[PDB]
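One structure is given below, encoded as structure tokens.
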Amino acid sequence: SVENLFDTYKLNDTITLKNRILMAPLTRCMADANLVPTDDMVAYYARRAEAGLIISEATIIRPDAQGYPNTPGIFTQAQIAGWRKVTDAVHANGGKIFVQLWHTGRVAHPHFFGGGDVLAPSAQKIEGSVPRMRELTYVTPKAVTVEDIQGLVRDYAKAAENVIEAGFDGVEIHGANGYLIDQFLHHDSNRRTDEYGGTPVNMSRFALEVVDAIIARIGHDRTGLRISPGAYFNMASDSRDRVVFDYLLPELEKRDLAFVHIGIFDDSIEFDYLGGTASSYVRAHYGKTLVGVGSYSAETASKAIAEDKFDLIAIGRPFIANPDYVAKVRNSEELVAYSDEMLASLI
Ligand SMILES: Cc1cc2nc3c(=O)[nH]c(=O)nc-3n(C[C@H](O)[C@H](O)[C@H](O)COP(=O)(O)O)c2cc1C
Ligand SMILES: Cc1ccc(O)cc1
Ligand SMILES: Cc1ccc(O)cc1
Ligand SMILES: Cc1ccc(O)cc1
Ligand SMILES: Cc1ccc(O)cc1
Ligand SMILES: Cc1ccc(O)cc1
Ligand SMILES: Cc1ccc(O)cc1
């Protein structure tokens, strides 16, 4: 039985979720070429509004954030208007939705923004090329200056202000999976020797500046953050990264966020440097609402939540395979298994 998944969950004084099930953020690359959400995306999200909370696909904050084709933005008026169609439709169906705000950092590709500079904490190139694209080889990033950093914080904040007009309930800051914010938090990507590098305090500075700037625009109750304390998504591991997160997590607790959300693919994996699973590490170092994710079934998520391992469950691949995920779980019905072939269709 997975009855506890259907518990009402009060995130805070501003937001109460009708159940504990989140739709995980899932990049689909189906926006129009000007990165405006389509009416097909409106339908896609609307039919998943039985989720207690939808986290949108990663949504870019400005042009040099783009690393994959046709990923939506939220920096133009047209993009804002497209998103407002999405959020209105979700709300009309009794749902709630946060936008996931993205900058890909060194994982951006200049093909998408007219040959400009790829930006990152340090000039450390990742291996390879953009998935499902013809020969878009990753390039050496420019190490951002302090002025670049100030502009990036400004642009995260502006994107968050835009979320109000776009009608979202809030923002999940994409601090995970080796993208820009996560690049500051890990030693592979952050080799800086200024006030943004070296020490746990310095390496956490960019993340906390973005969190605080966004809180200043939309409030702590409407602000969540995804993190990846481990590596292994466009990120080489480093035994020193854990102490960054040991510092960051209590600092985040001070902000009384809507939630912290782990960004991994299989939470059954034990990470050497975290002394165990990602969720158990975060749970040991962070005492507020926590969203677990990664290869959970409704049954294993329910048990984890009953065991106080985390509070909310994000479901990704099954939500692609099963738009009616929540109803099927509610009715104890068979779920279709996900396959990558499903990514070709937006349903
Ligand atoms: C096709 C695909 C796209 C994804 N896009 C995002 C994304 O935009 N932002 C994000 O933080 N995670 C992204 N993820 C990670 C998922 O949010 C989730 O953490 C992962 O799929 C594990 O959960 P699951 O086992 O329930 O699918 C993506 C995963 C997949 C498979
Ligand atoms: C779903 C997807 C994600 C990335 C990409 O480059 C292409 C397709
Ligand atoms: C002007 C300036 C400010 C900070 C810094 O780290 C370098 C230069
Ligand atoms: C993000 C947001 C949405 C509504 C609102 O009233 C304030 C902020
Ligand atoms: C394709 C993708 C995009 C973002 C992310 O965090 C994970 C996977
Ligand atoms: C009044 C208010 C409440 C929540 C919030 O995020 C912003 C403003
Ligand atoms: C990043 C990714 C994409 C597809 C997939 O099936 C797993 C992981």
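Ordered as shown in the structure tokens, chains take letters A, B, and onward, while each chain numbers its residues from 1 and ligands are numbered from 1 in the order shown.
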
I'd like a table as CSV: residues in chain A with an atom no more than 9 Å from ligand 3, each row giving the shortest atom pair and its distance in Å to one decimal, only C-alpha atoms and all ligand atoms counted, sorted by chain and rising residue number.
```
residue,atom,partner,partner_atom_place_in_ligand_line,distance
A:145,CA,ligand 3,7 (C),7.8
A:146,CA,ligand 3,4 (C),5.8
A:147,CA,ligand 3,3 (C),7.7
A:194,CA,ligand 3,6 (O),5.8
A:195,CA,ligand 3,6 (O),6.1
A:196,CA,ligand 3,6 (O),8.2
```

Practice item. For ligand 7, list the contacting residues at 12 Å or closer, counting only C-alpha atoms and all ligand atoms, as JSON, numbers by chain. Key: {"A": [25, 26, 27, 28, 29, 68, 130, 131, 132, 177, 178, 232, 233, 234, 263, 264, 265, 266, 294, 295, 316, 317, 318, 320, 321, 337, 338, 339, 340, 341, 342, 343, 344]}

Pull the closest atom pair for each residue of region 221-336 of chain A that gets at most 9 Å from region 90-106 of chain A, along with the distance in Å to one decimal, counting only C-alpha atoms, ordering rows by chain and then ascending residue number, as a Markdown table.
```
| residue | atom | partner | partner_atom | distance |
| --- | --- | --- | --- | --- |
| A:222 | CA | A:98 | CA | 8.3 |
| A:223 | CA | A:98 | CA | 8.7 |
| A:224 | CA | A:98 | CA | 8.8 |
| A:225 | CA | A:100 | CA | 8.9 |
| A:226 | CA | A:100 | CA | 8.9 |
```

Review point. So which residues of region 20-141 of chain A fall under alpha helix (DSSP H) by DSSP, listed as a PyMOL selection string?
Key: chain A and resi 39-46+77-92

Selection export as a compact mmCIF listing (two decimals), in the first residue's frame, atoms kept: N, CA and C atoms:
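Writing done, so here's again_24.txt:
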```txt
# COMPACT_ATOMS: atom_id res chain seq x y z
N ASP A 39 1.74 24.92 -27.85
CA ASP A 39 0.45 24.45 -27.36
C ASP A 39 0.45 22.96 -27.11
N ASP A 40 1.35 22.22 -27.77
CA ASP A 40 1.51 20.80 -27.43
C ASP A 40 2.13 20.63 -26.04
N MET A 41 3.08 21.50 -25.68
CA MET A 41 3.62 21.49 -24.33
C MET A 41 2.55 21.85 -23.30
N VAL A 42 1.66 22.78 -23.64
CA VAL A 42 0.54 23.12 -22.76
C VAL A 42 -0.26 21.85 -22.43
N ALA A 43 -0.62 21.10 -23.46
CA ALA A 43 -1.37 19.86 -23.28
C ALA A 43 -0.63 18.80 -22.47
N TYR A 44 0.66 18.65 -22.76
CA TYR A 44 1.53 17.69 -22.08
C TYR A 44 1.57 17.93 -20.58
N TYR A 45 1.79 19.17 -20.17
CA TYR A 45 1.82 19.48 -18.74
C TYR A 45 0.42 19.41 -18.12
N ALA A 46 -0.59 19.89 -18.83
CA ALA A 46 -1.94 19.91 -18.28
C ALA A 46 -2.42 18.52 -17.92
N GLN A 77 9.35 38.26 -23.72
CA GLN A 77 7.91 38.39 -23.51
C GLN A 77 7.12 37.25 -24.17
N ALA A 78 7.54 36.81 -25.35
CA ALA A 78 6.83 35.75 -26.04
C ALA A 78 6.94 34.44 -25.25
N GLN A 79 8.12 34.20 -24.67
CA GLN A 79 8.32 33.00 -23.85
C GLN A 79 7.44 33.04 -22.61
N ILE A 80 7.40 34.20 -21.97
CA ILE A 80 6.55 34.41 -20.81
C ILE A 80 5.09 34.11 -21.17
N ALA A 81 4.64 34.61 -22.32
CA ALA A 81 3.24 34.41 -22.75
C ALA A 81 2.95 32.93 -23.02
N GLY A 82 3.89 32.24 -23.66
CA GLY A 82 3.77 30.81 -23.87
C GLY A 82 3.69 30.05 -22.57
N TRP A 83 4.58 30.34 -21.63
CA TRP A 83 4.49 29.69 -20.33
C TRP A 83 3.18 29.99 -19.61
N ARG A 84 2.65 31.20 -19.76
CA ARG A 84 1.40 31.55 -19.08
C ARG A 84 0.27 30.63 -19.57
N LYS A 85 0.31 30.24 -20.84
CA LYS A 85 -0.67 29.27 -21.35
C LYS A 85 -0.51 27.93 -20.64
N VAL A 86 0.73 27.51 -20.43
CA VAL A 86 1.00 26.26 -19.73
C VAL A 86 0.50 26.32 -18.28
N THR A 87 0.91 27.34 -17.54
CA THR A 87 0.56 27.40 -16.13
C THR A 87 -0.95 27.60 -15.94
N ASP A 88 -1.58 28.40 -16.79
CA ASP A 88 -3.03 28.55 -16.72
C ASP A 88 -3.74 27.21 -16.89
N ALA A 89 -3.27 26.40 -17.83
CA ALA A 89 -3.90 25.11 -18.11
C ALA A 89 -3.69 24.14 -16.94
N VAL A 90 -2.49 24.15 -16.36
CA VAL A 90 -2.22 23.32 -15.20
C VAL A 90 -3.11 23.72 -14.03
N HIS A 91 -3.21 25.03 -13.77
CA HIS A 91 -4.01 25.53 -12.68
C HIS A 91 -5.49 25.23 -12.90
N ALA A 92 -5.93 25.37 -14.14
CA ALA A 92 -7.33 25.11 -14.49
C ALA A 92 -7.70 23.66 -14.19
```

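Omitting residue 133 (chain A) and its sequence neighbours fewer than 6 positions away, and counting only C-alpha atoms, the residues within 12 Å are residues 29, 67, 68, 69, 70, 109, 111 and 112 of chain A.
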
Check your understanding: Of the candidates A:179, A:113, A:75, A:271, which one gets nearest to residue 158 (chain A) if we count only C-alpha atoms?
Key -> A:75

Point to revise | Spatial neighbours of residue 143 (chain A), max dist 9 Å, only C-alpha atoms, sep filter under 6 positions, as number ranges by chain | key: A: 118-124, 192

Those same residues - C-alpha atoms - I'd like them written as a short mmCIF file (atom, residue, chain, number, x, y, z; two decimals), in the first residue's frame.
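Output file again10.cif follows:
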```
data_model
loop_
_atom_site.label_atom_id
_atom_site.label_comp_id
_atom_site.auth_asym_id
_atom_site.auth_seq_id
_atom_site.Cartn_x
_atom_site.Cartn_y
_atom_site.Cartn_z
CA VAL A 118 30.59 29.45 -23.35
CA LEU A 119 30.80 30.48 -19.69
CA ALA A 120 31.92 28.50 -16.62
CA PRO A 121 33.82 28.91 -13.33
CA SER A 122 37.03 27.79 -15.05
CA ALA A 123 38.40 27.07 -18.51
CA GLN A 124 37.86 23.34 -18.18
CA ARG A 192 39.23 29.29 -9.32
#
```

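Near ligand 6, at a distance of at most 10 Å and with only C-alpha atoms and all ligand atoms counted, sit the residues residues 12, 13, 14, 15, 169, 170, 215, 216, 217, 218, 219, 220, 221, 222, 223 and 258 of chain A.
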
Revision key, fill the gap. The distance between CA of residue 331 (chain A) and CA of residue 297 (chain A) is 14.6 Å

Point to revise | Secondary structure check, strand (DSSP E or B) residues of region 11-131 of chain A, as an MDAnalysis selection string | key: chainID A and resid 16:17 21:23 53:60 73 97:102 119:120 129

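Across A:276, A:230, A:151, A:175, the tightest approach to ligand 1 is made by A:175 when counting only C-alpha atoms and all ligand atoms.
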
Leaving out residue 284 (chain A) and any residue of its chain fewer than 6 positions from it, which residues lie within 12 Å of it when counting only C-alpha atoms, given as an mmCIF file with N, CA and C atoms, in the first residue's frame?
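Final output, part17.cif:
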```cif
data_model
loop_
_atom_site.group_PDB
_atom_site.id
_atom_site.type_symbol
_atom_site.label_atom_id
_atom_site.label_comp_id
_atom_site.auth_asym_id
_atom_site.auth_seq_id
_atom_site.Cartn_x
_atom_site.Cartn_y
_atom_site.Cartn_z
ATOM 1 N N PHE A 245 29.472 20.487 0.151
ATOM 2 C CA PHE A 245 28.074 20.250 0.486
ATOM 3 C C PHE A 245 27.837 20.225 1.990
ATOM 4 N N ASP A 246 28.824 19.781 2.767
ATOM 5 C CA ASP A 246 28.681 19.818 4.221
ATOM 6 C C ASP A 246 28.473 21.256 4.712
ATOM 7 N N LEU A 249 24.762 22.844 2.826
ATOM 8 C CA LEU A 249 23.440 22.405 3.276
ATOM 9 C C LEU A 249 22.911 23.155 4.507
ATOM 10 N N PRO A 250 23.735 23.309 5.559
ATOM 11 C CA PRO A 250 23.214 24.127 6.670
ATOM 12 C C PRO A 250 22.974 25.582 6.298
ATOM 13 N N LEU A 274 30.102 10.223 -0.290
ATOM 14 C CA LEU A 274 28.973 10.666 0.527
ATOM 15 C C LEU A 274 28.672 9.685 1.648
ATOM 16 N N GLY A 275 29.400 8.570 1.665
ATOM 17 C CA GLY A 275 29.215 7.568 2.691
ATOM 18 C C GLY A 275 27.914 6.802 2.566
ATOM 19 N N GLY A 276 27.395 6.697 1.352
ATOM 20 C CA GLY A 276 26.100 6.075 1.154
ATOM 21 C C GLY A 276 25.310 6.721 0.026
ATOM 22 N N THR A 277 23.997 6.534 0.064
ATOM 23 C CA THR A 277 23.122 7.069 -0.975
ATOM 24 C C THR A 277 23.062 8.581 -0.868
ATOM 25 N N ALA A 278 22.747 9.212 -1.991
ATOM 26 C CA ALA A 278 22.642 10.661 -2.041
ATOM 27 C C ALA A 278 21.570 11.167 -1.090
ATOM 28 N N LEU A 290 12.552 17.598 1.856
ATOM 29 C CA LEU A 290 13.494 16.986 0.929
ATOM 30 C C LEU A 290 12.736 16.159 -0.083
ATOM 31 N N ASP A 308 11.090 8.028 6.830
ATOM 32 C CA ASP A 308 11.650 9.351 7.107
ATOM 33 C C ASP A 308 12.940 9.638 6.330
ATOM 34 N N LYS A 309 13.103 8.983 5.180
ATOM 35 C CA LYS A 309 14.303 9.164 4.378
ATOM 36 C C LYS A 309 14.225 10.447 3.557
ATOM 37 N N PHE A 310 13.006 10.835 3.211
ATOM 38 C CA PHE A 310 12.717 12.098 2.551
ATOM 39 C C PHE A 310 11.202 12.304 2.601
#
```

Exercise for review: Counting only C-alpha atoms and all ligand atoms, figure out which residue out of A:159, A:144, A:312, A:236 gets nearest to ligand 4.
Suggested key: A:159

Point to revise | Selection: 10 Å around residue 241 (chain A), only C-alpha atoms, excl. self and same-chain fewer than 6 positions, as a PyMOL selection string | key: chain A and resi 185-188+200+203+229-231+273-274
